[PDB]
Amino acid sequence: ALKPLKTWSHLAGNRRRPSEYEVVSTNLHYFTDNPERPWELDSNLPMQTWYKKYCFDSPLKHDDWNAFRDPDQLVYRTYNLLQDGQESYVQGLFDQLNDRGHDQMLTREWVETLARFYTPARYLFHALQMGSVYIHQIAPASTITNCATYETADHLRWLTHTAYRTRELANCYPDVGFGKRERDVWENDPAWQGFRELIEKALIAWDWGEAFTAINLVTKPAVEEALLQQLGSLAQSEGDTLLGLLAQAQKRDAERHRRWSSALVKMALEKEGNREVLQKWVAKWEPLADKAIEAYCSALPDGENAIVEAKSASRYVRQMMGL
C-alpha cells in the first residue's frame, strides 16, 4: 500500500514546505502530457495542430517549464486582496476629485488633448487584454499561464478606468464627442497608427514564445512609457491631478507584469540558444515599437523629448533583463 504524503506527490522531496502558491498553481496543464496528441480526441483536429505548432514547436525551449515561479507568487485569493485595495484607492480618487469639481477646472486645450491622447486608449488597453489572454491559453506551463491570467485582468482594469473616466468627461464636456469619437481617432489619427500597427500585427503572432516577447517584452513597455509615463507627467503639469495619479496607479500593475516577464526570461537564459531566440524576436519587433512611440509622442508637447525618454526607458526594461 502507498503511504499518504505530506504534500502533492509532484512537490514531494521539495526540502521546504510548499506554499499555498505552489499548491494551487503548479503542474496543472495536462495537454503537455502528450505532445503527439495533446487533447483526448483525434490527433488531426485543427486545435491539435495549433498547439503542436505554436506551443510545443516554439524556438524558445526549456526541459521543465512547470518549474517557473511567479516572483510575486500571485493566487486568485491574493490578487483580489491586493487589487481590491488598489481599487479602493482609485475609486476613492474618482469619487472625491469629482466632489471638488476637478474636471471643471481643466483648460479647454487640455480637454482636447484628452479626447485625442487619453480616451481612445480604451482600444489599445482592450487590445493588450486580448494579447495577454492569448499568452494564457498557449503558454507551456500553468505557472506561466496564471501570470498571464492576472495580467489580463489588470488589462481589463485599465480599460475599465478609461471607460469610466470617458463618461465623466463626456458629462462635463458633452461637445467634445467623448465616448463617441475614440474609434475614429484610434483608426485614423496618425498619432495612433504607430501603436495600432504594432498591436494588430503582434496580435497574430501565434507562437507562445513570440507572443510573450511581442506583447510583454516589446509592446507593453512601449505603451506604458507612452500612455502612462509620458502622458501622465504631462497631465500633472497640465493641471490634471486625477489622470496624473490614475496613470501612476496603473503603472503599479505594469511593473508587476515586468517582474514576472523578467523572471521568465531569467529562466529562459539557462537554456543555451534562447537569448539569441529572444533577441531575434525583439529585433523584429523593436522597430515597430519605435514607430509607435514616435507617432504618439511626437504629437505631444515637448514630443521630441518625450520620444527620447520613452525609447530609452522601454529599452532599459529589456536591457536589465539581460537582453
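Note that residue numbering begins at 1 and tracks the sequence as displayed.
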If you average the CA temperature factors over each stretch, which comes out higher, 21-29 or 303-311?
303-311
Using the B-factors recorded in the PDB entry, average over the C-alpha atoms of 150-158 and of 172-180, then report which stretch comes out higher.
172-180
From 74, 185, 127, 105, residue of greatest CA B-factor
105
Please place residue 238 in the lowest, middle or highest third of its chain by C-alpha B factor as given in the entry.
highest
Using only modelled residues of the chain, where does the Cα B factor of residue 201 rank: lowest third, middle third or highest third?
lowest
Name the third of the chain's ranked CA B-factors that contains residue 136, choosing lowest, middle or highest.
lowest
Lowest, middle or highest third of the chain for the C-alpha temperature factor of residue 284?
middle
Sorting the chain's CA B-factors, does residue 167 end up in the lowest, middle or highest third?
middle
